[PDB]
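One structure is given below, encoded as structure tokens.
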Amino acid sequence: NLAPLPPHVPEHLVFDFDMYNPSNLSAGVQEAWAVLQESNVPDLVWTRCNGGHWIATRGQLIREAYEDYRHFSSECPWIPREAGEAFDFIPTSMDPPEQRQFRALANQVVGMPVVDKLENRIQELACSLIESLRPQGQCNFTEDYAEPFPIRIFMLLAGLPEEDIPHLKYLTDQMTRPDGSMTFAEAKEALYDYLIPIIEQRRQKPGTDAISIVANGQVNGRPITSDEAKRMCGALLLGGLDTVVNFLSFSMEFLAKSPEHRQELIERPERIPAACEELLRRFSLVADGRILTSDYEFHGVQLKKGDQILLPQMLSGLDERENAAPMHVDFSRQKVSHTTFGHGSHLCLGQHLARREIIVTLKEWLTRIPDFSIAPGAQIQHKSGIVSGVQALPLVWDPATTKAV
Ligand code: HEM
Ligand SMILES: Clc1cc(Cl)c(Cl)c(Cl)c1Cl
Ligand SMILES: [K+]
């Protein structure tokens, strides 16, 4: 339960928040994490949960810590410490300067140039899944769209057969929202056990897929190793398999209960990109951290070398000191402030792919199924972790209110 309070941690800064099962979860994950920003909670607190660690609660500190890699290393970015110690994905577990060379190579397989070329492909799949669900008048959004849409896109880019999805998704889920069946260490080992032969055969007979590019790539002039390639593909796998999936559910859950907001984008489709950004702020869902490289006094608090600090990317945009009425969705919001795709040298490499997947979804879905709602009685459940998600999302609609395009 509660790890004994270290001697250096002030008793009054203790706030036992449990990132894997927050107290106010029933009200929605974002709302549950938002408790850390209530009137009497400090900018920086210590929780004795999950082994004990700090938690920056305001955007100001969060952005600062992410900028200062020398004090806040990505060496151990996962909580609990055991997971963080086993975590060695590239470039995520590295700090500049060494991080850069790998980021450049990763950026080459999921970067903008690659995204633009994938546009038509993305639209075709979006249109396909929706046009098929349309006459049915109902769907289980998580498995009928949220998962297949972005996952099939990722497997395509990676050159991996879709039959492996159930196994891979389960492993990634265990790394973000473990059900207890296995440690982060175990899930990582299994992911690597899966990648090894594939990488080997790709360096051997090089193709045009993401895996082949990484496996046969160069890092600042020199050949990447088999192990480095494995570590990088793990970073790409974790990213394009769990995050967009869940975010689409948070956004659709909201749209399903917001006819006014839907009407907005229906009438003025050009507001979709901006709406996408506001949704990214309001339904931010990622929260990982850093490890102190040395004793350091941060905002009046004595942090110790080895201490772990959670810097919830989610909280920045929900901070009222960054956005007035943060919990309100406003597609017209003048200054959408957030760190949803991270902050600093680790800014999400898949953000461009993610935005495209989000916008295309909204545009292609509202254009075919403009009127829809959440199936009655359904108590929509959220789940918290490194990456928060939506358990299930039953939607319903009158086929007569739809249109084929
Ligand atoms: C809504 C969608 C997404 C969100 C909110 C998101 C969020 C994030 C966050 C917050 C980080 C920073 C972790 C840190 O600083 O420790 C990150 C890193 C990363 N993400 Fe994304 N992610 C998304 C989608 C994707 C996709 C689709 C991919 C493609 C595989 C991806 C690939 C990566 C990679 C490779 C990194 C590591 C970059 C580095 O460490 O330099 N992400 N992402
Ligand atoms: Cl999408 C995504 C990809 C990677 Cl590689 C990491 Cl480390 C995190 Cl934390 C998130 Cl959220
Ligand atoms: K580590």
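Residues: numbered from 1 along the sequence shown. The analysis underlying the following values was restricted to heavy atoms, covering all of them including side chains, and did not include hydrogens, waters or symmetry mates. Start at 1 and go down the list; that is how both ligands and their atoms are numbered.
Residue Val387 approaches ligand 2 through these ligand atoms, each under 4.0 Å from one of its heavy atoms: 11 (Cl). Listed by atom number, the atoms of ligand 2 under 4.0 Å from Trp78 heavy atoms are 7 (Cl), 9 (Cl).
No heavy atom of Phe89 sits closer than 4.0 Å to any atom of ligand 1. Taking 4.0 Å as the cut-off, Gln351 does not count as a neighbour of ligand 1 on heavy-atom distance. For the ligand labelled ligand 1, residue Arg290 lies inside the 4.0 Å heavy-atom shell. Residue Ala106 places no heavy atom under 4.0 Å from ligand 1.
A side-chain donor from one of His299 and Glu64 sits under 3.5 Å from a side-chain acceptor of the other.
Residue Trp78 does not count as close to the K ion (ligand 3), with no N, O or S atom under 3.4 Å.
A salt bridge links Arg356 to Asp116: at least one charged side-chain nitrogen sits closer than 4.0 Å to a carboxylate oxygen.
When ring centroids are compared, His261 and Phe331 come within the 6.0 Å threshold.
By the 3.5 Å distance cut-off applied to N or O atoms, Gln99 is counted among the residues near ligand 1.
For the residues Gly234, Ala354, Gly239, the heavy atom positioned nearest atom 3 (C) of ligand 2 is part of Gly239.
Restricting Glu75 to its N, O or S atoms, the one at the least distance from the K ion (ligand 3) is O.
No part of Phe247 comes within 4.0 Å of ligand 2, judged by heavy-atom distances. Proximity of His346 to ligand 1, defined as any heavy-atom pair under 4.0 Å, is shared by backbone and side chain alike. Neither the backbone nor the side chain of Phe341 has a heavy atom within less than 4.0 Å of ligand 2.
For atom 7 (Cl) of ligand 2, the nearest non-hydrogen atom of the protein is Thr92 CG2, 3.2 Å. With respect to atom 5 (Cl) of ligand 2, the closest heavy atom belonging to the protein is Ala235 O, 3.2 Å.
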